[PDB]
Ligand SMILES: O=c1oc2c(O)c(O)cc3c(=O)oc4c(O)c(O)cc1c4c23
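A single chain comes next, written as structure tokens; it is the form solved without the named molecule.
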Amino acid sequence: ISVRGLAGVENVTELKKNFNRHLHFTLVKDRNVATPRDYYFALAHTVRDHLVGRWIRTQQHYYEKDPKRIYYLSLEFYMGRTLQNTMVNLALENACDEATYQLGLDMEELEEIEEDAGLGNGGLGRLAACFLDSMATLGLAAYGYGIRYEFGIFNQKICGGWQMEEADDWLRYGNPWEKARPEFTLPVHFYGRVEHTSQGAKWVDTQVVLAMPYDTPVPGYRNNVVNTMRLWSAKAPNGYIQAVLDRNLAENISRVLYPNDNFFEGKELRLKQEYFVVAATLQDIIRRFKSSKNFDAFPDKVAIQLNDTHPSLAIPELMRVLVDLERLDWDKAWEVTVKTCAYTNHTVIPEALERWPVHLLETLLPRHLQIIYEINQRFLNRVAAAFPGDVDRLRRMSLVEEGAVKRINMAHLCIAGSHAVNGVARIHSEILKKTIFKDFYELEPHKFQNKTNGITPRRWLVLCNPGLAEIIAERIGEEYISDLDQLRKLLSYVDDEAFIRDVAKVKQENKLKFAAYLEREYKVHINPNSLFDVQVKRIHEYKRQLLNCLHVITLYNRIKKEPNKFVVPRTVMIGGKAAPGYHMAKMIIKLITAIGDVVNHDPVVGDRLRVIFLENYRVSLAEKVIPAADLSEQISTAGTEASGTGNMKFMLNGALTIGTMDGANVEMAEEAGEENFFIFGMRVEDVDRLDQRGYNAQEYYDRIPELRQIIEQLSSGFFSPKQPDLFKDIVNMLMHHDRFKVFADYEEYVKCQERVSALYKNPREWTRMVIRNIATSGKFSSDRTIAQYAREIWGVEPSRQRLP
């Protein structure tokens, strides 16, 4: 494969030399007892050596040049594995492949040893990771800042058809990429009280937790740029035994990632994590600023991007530093703060927005609450000046929410304290200005923007689908890898017989490889000559895995009704993690496995239909299953999925999409042409009209015989004979408390699925439509998204110029 680079003779020689050297000196092993794991580590250290010179030169270059610095703060960075990504970005893949082969090893088998760095829940976490990759590739002096969790998202086991959570001890064998930096450890304060003297305010009597940074290299695509991701680790400050044991209390701050996707859990520990990242990060930012070329120019030299409201405390924290410590007058400090910060909102689901009770804030961060109240007062003074007499607007826009439990609306704080606020897909950003943040948009229309998400073509095409990346390069070269819009050139081949044959060959190759993986690793057998119908994403009610479930049972029931009637064979795969405390999501996973239990063992169905639940869906699994997918399920209720990103890996990897007009699905359909998509169901307007007159699930049940049959099968125990009432909760929700209107999209979804099967019956036309999708996926590269952030928000110009 040409996109994988050269395997120079000297390079290969040197690599084998360093591989053996590391096995000896670093791993302290000898070939006779070395395990595949040992070899994986020897290769990883060998590959890591190649990043060092560039890492040092890059950071040195920024200190010398002093460009504006981009600080991307996030509580999640779902990086996945690093070995292949590093070889790809450094053009070492073929060289290492040859070197390892000459050493009698299979590089791919070695790659399977590496643990996914799973410091993320799903979309938002992965976006942070794609963004890091694009910022480096675009030559931006960007710094990823987060927290080094000891345990990322739990490993999902399925036992008896149910999800079981196991700690994700990803650091057991170490992390060869990161570099501990204990020398740059910083103090973070908690609790305490505030004193107002003659020098202003003073935060005193605080408890200290130390933040120790660990730096990870972030390589751009062959431009010799290696940026940094700095993750903070909590350390206790500098009878007796119990006192030493109690050091765990402070160190617990960075122990584990809260496993919630699109759900706010107001736990004090989570608040600590948020302030922890923010306080330490901002000390780094101020220090760099001071040793650069004073505060008037701070915004010209610093950009702080908030990945949702998670690190929103950065606003009052910056004000605290500027006012309490640097002694800037409030007004000036605020001007600087707003010009420095920008907020990215990723959801409209109300239960996902952060609203911290004021008592928690008053106790844990007394000075920050005082600063927040002052920010609010001045902000509401401006609202009042702009809309005199509009008292309810004041109440609505306030950073303070009034109930039994007074809370602080973190999103309102972010809008008030940021010069830019953006949504993550056109429809979502428009919805923001129309509903949720309408008052704010009216007060400051210019603050509001859109930055449609993207995914990186390196990990999500070149790494995961080398076969596809190769046939594409065969026709248009390699420029598209960091200029995805060039994929448009592929429209010239919709009628090219060789390309049509190869696109289909590549997909079938991936399907065989994926089938081999499931047999080997999970001992699951799937029919390779079936349509691979895939819905992989976190289990949620709004994502409607349940709708997928209704369809699957429909397919089963239709086959049983007319057994001799031909149907396009399908392997329906659903995978994803459920937050541990999310009851319905866990019941849904169980229904999925229970459906398979019946469907997969009915002799009449045979291999015409199979339903499997893919265990432990994570980034590394996404890289295997997405390239093998024929149909991509993106069926959230219109208006609920802010953007989605899995939708865009599927499109880029040759799968056709069946989905609603939600999030970026809208833009995806627009780019490819609705005739090349399988859009169905209610649009946002329809959902609202239903909400206006009231959603009554009974009407659909009463009017659709096939739906009725399925609900009665669930309620009577057809999918749980030993426990007839097992799914009563799902049925009750669907029939009476379905916020996401599953029944309302059932008929159109089943009809749309019929249309999917019809096209699949025509391999040639299925493939030509696929080509029209791949060819128009360019807009969804994260390089485009990031270039937009740079020019429209950060005020810096991206660049593809190589470093020496």
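For every residue, the number given is its place in the sequence shown, counted from 1.
Residues without coordinates, deposited sequence, stretch from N238 to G239: is the count none, 1 to 3, 4 to 9, or 10 or more?
Gap between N238 and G239: 10 or more residues without coordinates.
For the step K293 to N294, what size class fits the number of deposited residues with no coordinates, none, 1 to 3, 4 to 9, or 10 or more?
Count of unmodelled residues in between: 4 to 9.
Using only C-alpha atoms and the B-factors in the entry, which stretch averages higher, 397-405 or 478-486?
Higher mean C-alpha B-factor in the PDB entry: 397-405.
Regarding 651-659 and 428-436, which shows the higher C-alpha temperature factor on average in the entry?
Comparing 651-659 with 428-436, the higher average CA B-factor belongs to 428-436.
Between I588, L103, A628, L550, where does the Cα B-factor run highest in the record?
Answer for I588, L103, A628, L550: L103, with the highest C-alpha B-factor.
Options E178, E699, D496, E317 - largest CA temperature factor per the record:
Answer for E178, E699, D496, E317: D496, with the highest C-alpha B-factor.
Place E14 in the lowest, middle or highest third of its chain's C-alpha B-factors, as listed in the PDB entry.
CA B-factor rank for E14: highest third.
Comparing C752 with the other modelled residues of its chain, is its CA B-factor in the lowest, middle or highest third?
Middle third.
Which third, lowest, middle or highest, does the CA B-factor of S715 fall in along this chain?
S715: CA B-factor falls in the highest third of its chain.
Tell me, lowest, middle or highest third: where does the Cα B factor of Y258 rank within its chain?
According to the entry, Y258 has a C-alpha B-factor in the chain's lowest third.
Compare the C-alpha B factor of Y63 with those of the other modelled residues in its chain, then answer lowest, middle or highest third.
For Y63, whose C-alpha B-factor we compare with every modelled residue in the chain, the answer is the highest third.
Same protein, other form: the form solved in complex with the named molecule, not shown, and the subject of what follows.
Would you mind picking out the stretch of 546-554, 685-693, 709-717, 578-586 that comes within 4.5 angstroms of the named molecule in the bound PDB entry, counting non-hydrogen atoms?
Contact criterion met by 578-586 only.
Check whether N260 has any heavy atom within 4.5 Å of a heavy atom of the named molecule in the bound PDB entry, and answer yes or no.
Heavy-atom contact with the named molecule at 4.5 Å: present for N260.
Partner proximity in the bound PDB entry: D329 to the named molecule, non-hydrogen atom cutoff 4.5 Å
Result no; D329 lies far from the named molecule in the bound PDB entry.
is_contact(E114, the named molecule) in the bound PDB entry, heavy atom dist at most 4.5 Å:
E114: no, not in contact with the named molecule in the bound PDB entry.
Taking heavy atoms and a 4.5 Å cut-off, does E351 contact the named molecule in the bound PDB entry?
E351: contacts the named molecule in the bound PDB entry.
To verify the annotation, which of these, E265, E430, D607, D485, has a non-hydrogen atom within 4.5 Å of the named molecule in the bound PDB entry?
Spelling it out, the residue with a heavy atom inside the cut-off is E265.
Please pick, from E667, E541, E98, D168, the one residue with any non-hydrogen atom lying within 4.5 angstroms of the named molecule in the bound PDB entry.
By the 4.5 Å criterion, the partner-contacting residue is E541.
In the bound PDB entry: members of 715-742 within 4.5 Å of the named molecule, any heavy atom
Residue within 4.5 Å: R739, and no other.
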